[PDB]
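Undergrad: Handing you this structure, nothing more for now.
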Amino acid sequence: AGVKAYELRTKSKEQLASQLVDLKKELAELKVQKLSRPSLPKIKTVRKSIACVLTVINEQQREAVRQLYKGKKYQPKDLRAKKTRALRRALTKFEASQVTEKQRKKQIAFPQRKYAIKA
Amino acid sequence: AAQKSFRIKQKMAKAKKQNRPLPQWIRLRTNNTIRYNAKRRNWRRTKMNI
Amino acid sequence: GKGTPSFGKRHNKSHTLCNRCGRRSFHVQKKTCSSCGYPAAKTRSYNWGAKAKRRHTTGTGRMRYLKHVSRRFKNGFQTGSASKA
Amino acid sequence: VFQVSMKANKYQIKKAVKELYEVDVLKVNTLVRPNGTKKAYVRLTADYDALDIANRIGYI
Amino acid sequence: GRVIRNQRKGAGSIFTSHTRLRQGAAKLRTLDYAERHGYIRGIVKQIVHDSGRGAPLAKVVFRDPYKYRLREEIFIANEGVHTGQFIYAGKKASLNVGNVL
RNA sequence: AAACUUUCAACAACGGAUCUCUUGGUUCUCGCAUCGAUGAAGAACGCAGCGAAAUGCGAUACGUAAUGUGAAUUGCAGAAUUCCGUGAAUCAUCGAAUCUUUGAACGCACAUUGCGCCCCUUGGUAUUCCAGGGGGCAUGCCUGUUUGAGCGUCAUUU
RNA sequence: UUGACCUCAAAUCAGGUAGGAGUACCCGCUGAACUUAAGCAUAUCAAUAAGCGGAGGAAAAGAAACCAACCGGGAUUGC
RNA sequence: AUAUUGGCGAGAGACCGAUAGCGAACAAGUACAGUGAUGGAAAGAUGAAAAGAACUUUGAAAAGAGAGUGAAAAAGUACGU
RNA sequence: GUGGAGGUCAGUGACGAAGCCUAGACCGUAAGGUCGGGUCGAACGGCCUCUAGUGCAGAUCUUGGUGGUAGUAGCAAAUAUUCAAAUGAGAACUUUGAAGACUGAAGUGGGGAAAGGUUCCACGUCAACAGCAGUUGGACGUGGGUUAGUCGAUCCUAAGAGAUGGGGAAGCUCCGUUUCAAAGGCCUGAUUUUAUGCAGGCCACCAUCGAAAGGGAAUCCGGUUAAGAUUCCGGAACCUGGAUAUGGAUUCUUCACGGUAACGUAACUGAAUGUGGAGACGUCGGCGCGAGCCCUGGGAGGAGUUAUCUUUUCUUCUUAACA
RNA sequence: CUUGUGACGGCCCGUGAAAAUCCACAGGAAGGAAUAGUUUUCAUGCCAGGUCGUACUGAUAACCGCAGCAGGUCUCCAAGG
Ligand SMILES: [Mg+2]
Ligand SMILES: [Mg+2]
Ligand SMILES: [Mg+2]
Ligand SMILES: [Mg+2]
Ligand SMILES: [Mg+2]
Ligand SMILES: [Mg+2]
Ligand SMILES: [Mg+2]
Ligand SMILES: [Mg+2]
Ligand SMILES: [Mg+2]
Ligand SMILES: [Mg+2]
Ligand SMILES: [Mg+2]
Ligand SMILES: [Mg+2]
Ligand SMILES: [Mg+2]
Ligand SMILES: [Mg+2]
Ligand SMILES: [Mg+2]
Ligand SMILES: [Mg+2]
Ligand SMILES: [Mg+2]
Ligand SMILES: [Mg+2]
Ligand SMILES: [Mg+2]
Ligand SMILES: [Mg+2]
Ligand SMILES: [Mg+2]
Ligand SMILES: [Mg+2]
Ligand SMILES: [Mg+2]
Ligand SMILES: [Mg+2]
Ligand SMILES: [Mg+2]
Ligand SMILES: [Mg+2]
Ligand SMILES: [Mg+2]
Ligand SMILES: [Mg+2]
Ligand SMILES: [Mg+2]
Ligand SMILES: [Mg+2]
Ligand SMILES: [Mg+2]
Ligand SMILES: [Mg+2]
Ligand SMILES: [Mg+2]
Ligand SMILES: [Mg+2]
Ligand SMILES: [Mg+2]
Ligand SMILES: [Mg+2]
Ligand SMILES: [Mg+2]
Ligand SMILES: [Mg+2]
Ligand SMILES: [Mg+2]
Ligand SMILES: [Mg+2]
Ligand SMILES: [Mg+2]
Ligand SMILES: [Mg+2]
Ligand SMILES: [Mg+2]
Ligand SMILES: [Zn+2]
């Protein structure tokens, strides 16, 4: 059982918030009934449903922030790339490709020609 | 030490939970090689040294 | 009576738990751990202690974050998500 | 009597009980059980009955 | 051979002086404008025994000429100085017992 | 003559040798370059219906989201619509997240679950007191902004 | 009086950046002794072990203030 | 072009075969000792499948004697030989 | 003769390979080889060559296991146990009753600090431990239990430790704790576009850590649990911090009066700054005073002895913090 | 008898901690009344007081002496003859 992720994504934040506070309610009363019956595996689906809603709530919030910071430098660090420490510090392909005027003229004038040795 | 720090009392709780025999349903799983709780401790023979 | 009678007077922990390694080797008076070198920034380690390095080297723990870096590298550190092929 | 998260203090416990159960709290006593959990002793005002609240929660 | 005793004192592990009960460093009043141009007056308040010192201390109270405070000095008591005695320190002080000419 | 000792054989003991297996190790060869202040390695404590350990994970806690596969898991119970399907699985993959207290560890400390300060907000008849929620306050150094200090020093005055 | 310059500070000032781990290989510093010499001090073990600082998938070196003495060769690296 | 007892991914051996081979084929850097730096094990094999002995009887009970499963209880969780 | 490798005997083998036992047999001088018989259940051999971690009685050899000694040495300090009943299959050791004893208040009592860590208490339970025993347990299995504005920590500083500014050291790090520092907040008022910069003024230690016996704000009594209490319940208090309203006080001589005086009261403005006090203190001897305990009279209740005597012997009659 | 306390006396070439914290005084900046003020060291009146330890032994058995070892381990209360 439990709530599925895809149909939650069609909701809004207030509906999700109402869903969450409702979800936390039964987990309370399932927990008090857990000590009554010898076993109750139904609580597992309840807790997972809370996680699914919480992920959905977070997912919507970040995307709206991403749209807010779209198209301008200095985005929040957690929304940046998490490749490595080294790669983030590495030279970008633009700056690595930069070359002085003296060398650019030599490359354009004298590139490595394609030659064949048969005759 | 009746008057003890919370850190020591936190190590207290885990030791209480550790000291418990093997659950019986562990015996019945397929390819079960565990015979008993080998890491059992008792206050008379082994001290925690914490 | 340096033997049994003297052994009875041992009730003062010279060391306690280390905040960094949790070994019960933190010297209370010296305020320095004798195992991991806390509070010094560098972790205590010696090349003559070949066994000692092996006990606390990387791999003996969880690699809470470094487990997946090889998996991430194999995919070339892709970004985004799948597309329901 | 309630089991409470070890990060909660008496202010939060008093705040929460009157929230979920809409019942005023006289005083709160807390202790750490030997198993590592926190146990809260919440005393309700004489205007309210603990037994009536207890089975309303679902245990008695 | 083993390090002999007189060497071992220099490290100052247990050979430092026991200074718990001393009332303070017995120094004269600092040399300022008043003393090198005139004289200043003081009052002997306490004649205290100093721990580890045979001579007694004289505890003289002075007035700060620049701020309204009551700078208190610790002298080494000379034979014949009594409590409540006025003490004169400075270049123009009269030659009397306890003065700091 | 019996008992007893000793020798031998059968059976039975003690003990675990030999024989036969081997998800292990060792050695050699080939390919790749990927840790961390966007918080590493390591530590502590916790999380399952029934778990002590190993493994997994972090109050979203043997896990959530996404994709692929296509009907399970299993010791028991339970759950079934999940079965011609946006769909079982302790499945595989893995790009989105969560990630307790720590730790280079960064408000100050730490043998304490100690003590602070700033902003927004809520309640307590409150800018000052108290409490709750959220976000912050390390060191060195670089570039740039702002405010400055120095008869170090110029010009400009009256 | 006003405005510059130079030097030096302060900002929870706008951006960054360094610290730790691993260390088989790599770049340096520091640095022994056992042992051999049928003893032993120079020597040898050894410009090694331990210790300390610093990177990458390689590092380092690298295009002669070179080798040569020949009819001269021609960065570095390795067999 | 060179190095690499580390890390990741692979292929092999006139290598070793549970007192061997890594200390560790197993909940091994674990249990355990030391105040501490550190030191540091032992421990693999029922059976094809638990089919792990229903039931009767003696005993307070553990168990024994029967009965039974099994190709084999001269395989009975102290289990290959 | 052994482990492994190349080649061959289209070698042996679940109709039983290897291994193990066999005063059963055969061959070789021997190292050894072959067969029969019992157990056994999955691989192994003959020959030509190759290769080695290849042959054990010793090494006070290593690891593991087992003997004689041997049912032996022995289980003898701490004065001491006995009868009956109950549970129980089983009682010298368990429970209860009775009896005899001991510790004898610098205890075998009642609590604590360091340490231990659930040993505390309950239920069931005796396979191993309690060097006999065991129905018992500090054992085994399953659970319960630790409540604080006033008790401690947290706060302060002591001997001491230890950053920063600095200066050494190749470096890990060392020295130093106010030192060759541009080392900050304190309060009042203005502004009510408005939040707080300008108005001012003020001050000079200049991190931090360091005591569960040093210093320190404030709680007592009664009752309750299987196990908690100065923490829980009832009652009665106190301290700190903060918002305040009333009453009281004082004022037209604006910030009170009285007493000669020591001084008294219900209050009875007071910033910067300075001074003082408390915190804050050795040891011994005797003396005075207080509290508790001990002794004892009268009386008010209860119990014991009573062949005889004993207005007798023992016991209850208590009053916290705070005002 | 134990203990607290007061006033004393003896002893020293020994004269027998510091800090946090609280109060008072000196001071007179400032603010203050009459148709109304001033006053929160007087009384009453309201609210809050977080966090962590709290069980038990403390020893011829709960600590260290490999152990249920005649050993060692700081302290409080102490009836009658
Ligand atoms: Mg001692
Ligand atoms: Mg010490
Ligand atoms: Mg508490
Ligand atoms: Mg020699
Ligand atoms: Mg020689
Ligand atoms: Mg020699
Ligand atoms: Mg080295
Ligand atoms: Mg290079
Ligand atoms: Mg170069
Ligand atoms: Mg020991
Ligand atoms: Mg057989
Ligand atoms: Mg068999
Ligand atoms: Mg024989
Ligand atoms: Mg056979
Ligand atoms: Mg088989
Ligand atoms: Mg050999
Ligand atoms: Mg032999
Ligand atoms: Mg021999
Ligand atoms: Mg031998
Ligand atoms: Mg005998
Ligand atoms: Mg004897
Ligand atoms: Mg006494
Ligand atoms: Mg008990
Ligand atoms: Mg026995
Ligand atoms: Mg027995
Ligand atoms: Mg230092
Ligand atoms: Mg402190
Ligand atoms: Mg204290
Ligand atoms: Mg004192
Ligand atoms: Mg009191
Ligand atoms: Mg008690
Ligand atoms: Mg009460
Ligand atoms: Mg009056
Ligand atoms: Mg004083
Ligand atoms: Mg009274
Ligand atoms: Mg006394
Ligand atoms: Mg005296
Ligand atoms: Mg208690
Ligand atoms: Mg208690
Ligand atoms: Mg007790
Ligand atoms: Mg005691
Ligand atoms: Mg005692
Ligand atoms: Mg012990
Ligand atoms: Zn450590």
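Chain lettering (A, B, ...) mirrors the order of the structure tokens, residue numbering begins at 1 for each chain separately, and ligand numbering begins at 1 in order of display.
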Hey, which residues sit close to ligand 24? Say within 7 Å, counting only C-alpha atoms (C1' of nucleotides) and all ligand atoms, and write them as a PDB file with N, CA, C and O atoms (P, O5', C5', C4', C3', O3' and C1' of nucleotides), in the first residue's frame.

TA:
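Wrote it out as out-v4.pdb, contents follow:
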```pdb
ATOM      1  P     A I 130      32.478 -23.911  40.844  1.00  0.00           P
ATOM      2  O5'   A I 130      31.695 -23.037  41.917  1.00  0.00           O
ATOM      3  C5'   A I 130      32.209 -21.793  42.364  1.00  0.00           C
ATOM      4  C4'   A I 130      31.286 -21.156  43.366  1.00  0.00           C
ATOM      5  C3'   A I 130      30.809 -22.063  44.489  1.00  0.00           C
ATOM      6  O3'   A I 130      31.755 -22.164  45.536  1.00  0.00           O
ATOM      7  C1'   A I 130      28.978 -20.853  43.598  1.00  0.00           C
ATOM      8  P     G I 131      31.992 -23.567  46.270  1.00  0.00           P
ATOM      9  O5'   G I 131      32.495 -24.523  45.103  1.00  0.00           O
ATOM     10  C5'   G I 131      33.755 -24.304  44.486  1.00  0.00           C
ATOM     11  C4'   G I 131      34.374 -25.596  44.026  1.00  0.00           C
ATOM     12  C3'   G I 131      34.563 -26.642  45.119  1.00  0.00           C
ATOM     13  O3'   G I 131      34.448 -27.945  44.550  1.00  0.00           O
ATOM     14  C1'   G I 131      36.667 -26.034  44.238  1.00  0.00           C
ATOM     15  P     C I 132      33.014 -28.519  44.111  1.00  0.00           P
ATOM     16  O5'   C I 132      32.847 -29.836  44.986  1.00  0.00           O
ATOM     17  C5'   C I 132      32.887 -29.775  46.400  1.00  0.00           C
ATOM     18  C4'   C I 132      31.898 -30.727  47.020  1.00  0.00           C
ATOM     19  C3'   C I 132      30.455 -30.560  46.578  1.00  0.00           C
ATOM     20  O3'   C I 132      30.182 -31.228  45.361  1.00  0.00           O
ATOM     21  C1'   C I 132      30.553 -30.723  48.935  1.00  0.00           C
ATOM     22  P     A I 133      29.144 -30.611  44.308  1.00  0.00           P
ATOM     23  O5'   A I 133      27.753 -30.620  45.083  1.00  0.00           O
ATOM     24  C5'   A I 133      27.116 -31.838  45.441  1.00  0.00           C
ATOM     25  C4'   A I 133      25.961 -31.574  46.372  1.00  0.00           C
ATOM     26  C3'   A I 133      24.906 -30.625  45.826  1.00  0.00           C
ATOM     27  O3'   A I 133      23.907 -31.324  45.109  1.00  0.00           O
ATOM     28  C1'   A I 133      25.594 -29.904  47.977  1.00  0.00           C
TER      29        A I 133
END
```

Undergrad: Within 8 Å of ligand 18 (counting only C-alpha atoms (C1' of nucleotides) and all ligand atoms), which residues show up? I'd like them as a list in words.

TA: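 With only C-alpha atoms (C1' of nucleotides) and all ligand atoms and a cut-off of 8 Å, ligand 18 is contacted by residues 56, 57 and 58 of chain I.
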
Undergrad: Please extract the residues at most 9 Å from ligand 33, counting only C-alpha atoms (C1' of nucleotides) and all ligand atoms, and provide them as an MDAnalysis selection string, using the chain letters and residue numbers of this document.

TA: chainID I and resid 249:250 256:257 265:268

Undergrad: Near chain I, meaning an atom within 9 Å, which residues of chain B appear when counting only C-alpha atoms (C1' of nucleotides)? Write them as a PyMOL selection string.

TA: chain B and resi 1+3+12+16+43-44+47-48

Undergrad: What does the file look like for those residues with C-alpha atoms, as a PDB file, in the first residue's frame?

TA:
```
ATOM      1  CA  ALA B   1      30.300   5.994  40.203  1.00  0.00           C
ATOM      2  CA  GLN B   3      27.527  10.610  39.925  1.00  0.00           C
ATOM      3  CA  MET B  12      25.760   2.373  29.604  1.00  0.00           C
ATOM      4  CA  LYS B  16      22.576  -3.148  28.348  1.00  0.00           C
ATOM      5  CA  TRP B  43      30.109  -7.895  34.708  1.00  0.00           C
ATOM      6  CA  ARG B  44      31.751 -10.670  36.741  1.00  0.00           C
ATOM      7  CA  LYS B  47      35.060  -5.251  32.269  1.00  0.00           C
ATOM      8  CA  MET B  48      34.069  -2.732  29.614  1.00  0.00           C
TER       9      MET B  48
END
```

Undergrad: Set the distance at 12 Å and use only C-alpha atoms (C1' of nucleotides): which residues neighbour range 53-67 of chain A once local chain neighbours fewer than 3 positions away are removed? I'd like the list as a ChimeraX atom specification.

TA: /A:2-24,46-50,70-80 /F:60,64-65,96-98

Undergrad: Give me the residues within 8 Å of range 45-57 of chain H as a PyMOL selection string, counting only C-alpha atoms (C1' of nucleotides) and dropping any in the same chain fewer than 4 places off.

TA: (chain F and resi 21) or (chain H and resi 65-70+75-77+79-80)

Undergrad: Would you put the residues from that selection into a file with N, CA and C atoms (P, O5', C5', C4', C3', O3' and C1' of nucleotides), as a PDB file, in the first residue's frame?

TA:
```
ATOM      1  P     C F  21      39.714 -33.790  -4.075  1.00  0.00           P
ATOM      2  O5'   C F  21      38.191 -33.358  -3.946  1.00  0.00           O
ATOM      3  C5'   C F  21      37.805 -32.014  -4.160  1.00  0.00           C
ATOM      4  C4'   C F  21      36.637 -31.636  -3.294  1.00  0.00           C
ATOM      5  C3'   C F  21      36.442 -30.145  -3.090  1.00  0.00           C
ATOM      6  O3'   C F  21      35.719 -29.562  -4.155  1.00  0.00           O
ATOM      7  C1'   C F  21      36.243 -31.291  -1.016  1.00  0.00           C
TER       8        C F  21
ATOM      9  P     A H  65      19.271 -47.029  24.037  1.00  0.00           P
ATOM     10  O5'   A H  65      18.022 -47.985  24.265  1.00  0.00           O
ATOM     11  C5'   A H  65      18.109 -49.093  25.145  1.00  0.00           C
ATOM     12  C4'   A H  65      16.788 -49.804  25.251  1.00  0.00           C
ATOM     13  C3'   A H  65      16.103 -50.101  23.932  1.00  0.00           C
ATOM     14  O3'   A H  65      16.611 -51.265  23.310  1.00  0.00           O
ATOM     15  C1'   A H  65      14.550 -49.134  25.414  1.00  0.00           C
ATOM     16  P     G H  66      16.563 -51.402  21.715  1.00  0.00           P
ATOM     17  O5'   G H  66      15.066 -51.853  21.428  1.00  0.00           O
ATOM     18  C5'   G H  66      14.331 -51.292  20.355  1.00  0.00           C
ATOM     19  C4'   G H  66      12.857 -51.279  20.655  1.00  0.00           C
ATOM     20  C3'   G H  66      11.950 -50.892  19.500  1.00  0.00           C
ATOM     21  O3'   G H  66      11.709 -51.959  18.605  1.00  0.00           O
ATOM     22  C1'   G H  66      11.327 -49.668  21.405  1.00  0.00           C
ATOM     23  P     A H  67      12.048 -51.785  17.046  1.00  0.00           P
ATOM     24  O5'   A H  67      10.966 -50.736  16.535  1.00  0.00           O
ATOM     25  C5'   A H  67       9.580 -51.022  16.629  1.00  0.00           C
ATOM     26  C4'   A H  67       8.750 -49.793  16.371  1.00  0.00           C
ATOM     27  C3'   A H  67       9.054 -49.051  15.083  1.00  0.00           C
ATOM     28  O3'   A H  67       8.433 -49.631  13.951  1.00  0.00           O
ATOM     29  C1'   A H  67       8.954 -47.512  16.862  1.00  0.00           C
ATOM     30  P     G H  68       9.225 -49.723  12.560  1.00  0.00           P
ATOM     31  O5'   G H  68       9.355 -48.208  12.090  1.00  0.00           O
ATOM     32  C5'   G H  68       8.196 -47.433  11.830  1.00  0.00           C
ATOM     33  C4'   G H  68       8.529 -45.971  11.695  1.00  0.00           C
ATOM     34  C3'   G H  68       9.527 -45.610  10.611  1.00  0.00           C
ATOM     35  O3'   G H  68       8.937 -45.552   9.326  1.00  0.00           O
ATOM     36  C1'   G H  68      10.079 -44.473  12.605  1.00  0.00           C
ATOM     37  P     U H  69       9.840 -45.730   8.013  1.00  0.00           P
ATOM     38  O5'   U H  69      10.573 -44.328   7.866  1.00  0.00           O
ATOM     39  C5'   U H  69       9.830 -43.137   7.661  1.00  0.00           C
ATOM     40  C4'   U H  69      10.748 -41.961   7.486  1.00  0.00           C
ATOM     41  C3'   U H  69      11.871 -42.163   6.487  1.00  0.00           C
ATOM     42  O3'   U H  69      11.458 -41.921   5.156  1.00  0.00           O
ATOM     43  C1'   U H  69      12.751 -41.269   8.486  1.00  0.00           C
ATOM     44  P     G H  70      11.847 -42.956   3.996  1.00  0.00           P
ATOM     45  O5'   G H  70      13.419 -42.771   3.846  1.00  0.00           O
ATOM     46  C5'   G H  70      13.961 -41.495   3.553  1.00  0.00           C
ATOM     47  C4'   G H  70      15.419 -41.409   3.920  1.00  0.00           C
ATOM     48  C3'   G H  70      16.312 -42.518   3.404  1.00  0.00           C
ATOM     49  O3'   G H  70      16.597 -42.426   2.020  1.00  0.00           O
ATOM     50  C1'   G H  70      16.833 -42.106   5.652  1.00  0.00           C
ATOM     51  P     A H  75      26.995 -44.618   9.194  1.00  0.00           P
ATOM     52  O5'   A H  75      26.156 -43.526   9.991  1.00  0.00           O
ATOM     53  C5'   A H  75      26.786 -42.677  10.935  1.00  0.00           C
ATOM     54  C4'   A H  75      26.703 -41.235  10.511  1.00  0.00           C
ATOM     55  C3'   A H  75      25.723 -40.369  11.284  1.00  0.00           C
ATOM     56  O3'   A H  75      26.252 -39.899  12.510  1.00  0.00           O
ATOM     57  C1'   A H  75      25.413 -40.025   8.974  1.00  0.00           C
ATOM     58  P     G H  76      25.559 -40.307  13.901  1.00  0.00           P
ATOM     59  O5'   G H  76      24.238 -39.420  13.952  1.00  0.00           O
ATOM     60  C5'   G H  76      24.300 -38.008  13.793  1.00  0.00           C
ATOM     61  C4'   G H  76      23.339 -37.291  14.707  1.00  0.00           C
ATOM     62  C3'   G H  76      23.415 -37.684  16.183  1.00  0.00           C
ATOM     63  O3'   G H  76      23.140 -36.537  16.984  1.00  0.00           O
ATOM     64  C1'   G H  76      21.233 -38.050  15.385  1.00  0.00           C
ATOM     65  P     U H  77      24.236 -35.990  18.018  1.00  0.00           P
ATOM     66  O5'   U H  77      24.428 -34.471  17.590  1.00  0.00           O
ATOM     67  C5'   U H  77      23.412 -33.800  16.855  1.00  0.00           C
ATOM     68  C4'   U H  77      23.977 -32.669  16.036  1.00  0.00           C
ATOM     69  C3'   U H  77      24.359 -31.427  16.833  1.00  0.00           C
ATOM     70  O3'   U H  77      25.513 -30.820  16.255  1.00  0.00           O
ATOM     71  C1'   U H  77      22.685 -30.874  15.252  1.00  0.00           C
ATOM     72  P     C H  79      31.224 -34.119  16.815  1.00  0.00           P
ATOM     73  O5'   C H  79      29.942 -34.351  15.898  1.00  0.00           O
ATOM     74  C5'   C H  79      30.051 -34.470  14.486  1.00  0.00           C
ATOM     75  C4'   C H  79      28.932 -35.314  13.929  1.00  0.00           C
ATOM     76  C3'   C H  79      28.895 -35.481  12.419  1.00  0.00           C
ATOM     77  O3'   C H  79      29.787 -36.481  11.961  1.00  0.00           O
ATOM     78  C1'   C H  79      26.716 -35.020  13.242  1.00  0.00           C
ATOM     79  P     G H  80      31.191 -36.088  11.288  1.00  0.00           P
ATOM     80  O5'   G H  80      30.891 -36.066   9.725  1.00  0.00           O
ATOM     81  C5'   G H  80      29.863 -36.868   9.166  1.00  0.00           C
ATOM     82  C4'   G H  80      30.296 -37.503   7.869  1.00  0.00           C
ATOM     83  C3'   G H  80      31.386 -38.554   7.973  1.00  0.00           C
ATOM     84  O3'   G H  80      30.873 -39.821   8.347  1.00  0.00           O
ATOM     85  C1'   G H  80      31.882 -37.064   6.200  1.00  0.00           C
TER      86        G H  80
END
```

Undergrad: Counting only C-alpha atoms (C1' of nucleotides), a student should be able to say which residues of chain H come within 12 Å of chain B; what is the right answer, written as JSON, numbers by chain?

TA: {"H": [26, 27, 30, 31, 32, 33, 34, 35, 43, 44, 50, 52, 77]}

Undergrad: Please write out the residues within 8 Å of ligand 20 as JSON, numbers by chain, counting only C-alpha atoms (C1' of nucleotides) and all ligand atoms.

TA: {"I": [72, 73, 74]}

Undergrad: I'd like the neighbourhood of residue 74 in chain E as a list in words, where a residue qualifies if any of its atoms comes within 10 Å (using only C-alpha atoms (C1' of nucleotides)), though same-chain residues fewer than 2 positions away should be ignored.

TA: residues 23, 24, 25, 26, 27, 28, 29, 44, 46, 47, 48, 57, 58, 59, 60, 61, 72, 76 and 77 of chain E

Undergrad: Could you go through chain B and tell me which residues DSSP, when run on the backbone, assigns to alpha helix (DSSP H), listing them as a list in words?

TA: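 After running DSSP on the backbone, chain B has alpha helix (DSSP H) at residues 6, 7, 8, 9, 10, 11, 12, 13, 14, 15, 16, 17 and 18 of chain B.
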
Undergrad: Kindly work out which residues sit at most 12 Å from ligand 31, using only C-alpha atoms (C1' of nucleotides) and all ligand atoms, and give the list as a list in words.

TA: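 Those within range of ligand 31 are residues 111, 120, 121, 145, 146, 225, 227, 228 and 229 of chain I; 54, 55 and 56 of chain J.
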
Undergrad: Just how far from CA of residue 13 in chain C is CA of residue 27 in chain C, in Å to one decimal?

TA: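 Here the two named atoms are 9.0 Å from each other.
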
Undergrad: If we count only C-alpha atoms (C1' of nucleotides), what is near residue 6 in chain C at a cut-off of 7 Å, once residues fewer than 4 positions away on the same chain are taken out, given as number ranges by chain?

TA: C: 1-2; J: 72

Undergrad: Quick one: residues within 7 Å of range 28-37 of chain G, only C-alpha atoms (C1' of nucleotides), excluding same-chain residues fewer than 4 positions away - as a list in words?

TA: residues 44 and 45 of chain G; 170 of chain I

Undergrad: Store the residues of this selection in a file with C-alpha atoms (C1' of nucleotides), as a PDB file, in the first residue's frame.

TA:
```
ATOM      1  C1'   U G  44      81.418  -0.575   5.241  1.00  0.00           C
ATOM      2  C1'   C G  45      76.441  -1.427   6.154  1.00  0.00           C
TER       3        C G  45
ATOM      4  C1'   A I 170      64.007  22.599   7.660  1.00  0.00           C
TER       5        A I 170
END
```

Undergrad: Could you give me, as a ChimeraX atom specification, every polymer residue with an atom at most 12 Å away from an atom of ligand 34, counting only C-alpha atoms (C1' of nucleotides) and all ligand atoms?

TA: /I:276-281

Undergrad: May I have the selected residues written with C-alpha atoms (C1' of nucleotides), as a PDB file, in the first residue's frame?

TA:
```pdb
ATOM      1  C1'   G I 276      35.642  50.129  52.777  1.00  0.00           C
ATOM      2  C1'   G I 277      33.421  45.652  54.409  1.00  0.00           C
ATOM      3  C1'   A I 278      31.935  40.653  53.680  1.00  0.00           C
ATOM      4  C1'   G I 279      33.792  36.322  50.670  1.00  0.00           C
ATOM      5  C1'   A I 280      38.744  35.318  53.657  1.00  0.00           C
ATOM      6  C1'   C I 281      41.047  31.301  56.480  1.00  0.00           C
TER       7        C I 281
END
```

Undergrad: Give the residues close to ligand 36, within 12 Å, counting only C-alpha atoms (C1' of nucleotides) and all ligand atoms; write them as a ChimeraX atom specification.

TA: /J:2-4,75-78

Undergrad: May I ask you to extract the residues of chain A within 12 Å of chain D, using only C-alpha atoms, and to give them as an MDAnalysis selection string?

TA: chainID A and resid 21 24:26 28:37

Undergrad: Please extract the residues at most 8 Å from ligand 43, counting only C-alpha atoms (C1' of nucleotides) and all ligand atoms, and provide them as a PyMOL selection string, using the chain letters and residue numbers of this document.

TA: (chain B and resi 44-45) or (chain J and resi 63-65+67)

Undergrad: Kindly provide, as a VMD selection string, all nucleotide and amino acid residues lying within 10 Å of ligand 9, counting only C-alpha atoms (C1' of nucleotides) and all ligand atoms.

TA: chain G and resid 60 to 62

Undergrad: Which residues are near ligand 3 - at most 7 Å, using only C-alpha atoms (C1' of nucleotides) and all ligand atoms? Format: as a PDB file with N, CA, C and O atoms (P, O5', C5', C4', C3', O3' and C1' of nucleotides), in the first residue's frame.

TA:
```
ATOM      1  N   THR D  30      11.260  14.886  33.829  1.00  0.00           N
ATOM      2  CA  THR D  30      11.954  14.111  32.814  1.00  0.00           C
ATOM      3  C   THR D  30      13.107  13.348  33.442  1.00  0.00           C
ATOM      4  O   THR D  30      13.724  13.805  34.405  1.00  0.00           O
ATOM      5  N   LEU D  31      13.391  12.179  32.877  1.00  0.00           N
ATOM      6  CA  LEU D  31      14.542  11.391  33.284  1.00  0.00           C
ATOM      7  C   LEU D  31      14.980  10.540  32.105  1.00  0.00           C
ATOM      8  O   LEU D  31      14.212  10.293  31.172  1.00  0.00           O
TER       9      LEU D  31
ATOM     10  P     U I 147      14.956   9.973  40.330  1.00  0.00           P
ATOM     11  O5'   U I 147      14.011  10.710  39.284  1.00  0.00           O
ATOM     12  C5'   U I 147      14.525  11.719  38.424  1.00  0.00           C
ATOM     13  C4'   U I 147      13.424  12.538  37.800  1.00  0.00           C
ATOM     14  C3'   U I 147      13.017  13.787  38.577  1.00  0.00           C
ATOM     15  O3'   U I 147      12.598  14.793  37.660  1.00  0.00           O
ATOM     16  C1'   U I 147      11.163  12.351  38.379  1.00  0.00           C
ATOM     17  P     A I 148      13.523  16.074  37.386  1.00  0.00           P
ATOM     18  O5'   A I 148      13.568  16.819  38.791  1.00  0.00           O
ATOM     19  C5'   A I 148      12.450  17.561  39.261  1.00  0.00           C
ATOM     20  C4'   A I 148      12.853  18.591  40.284  1.00  0.00           C
ATOM     21  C3'   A I 148      13.755  19.704  39.770  1.00  0.00           C
ATOM     22  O3'   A I 148      13.488  20.883  40.522  1.00  0.00           O
ATOM     23  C1'   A I 148      14.879  18.521  41.464  1.00  0.00           C
TER      24        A I 148
END
```
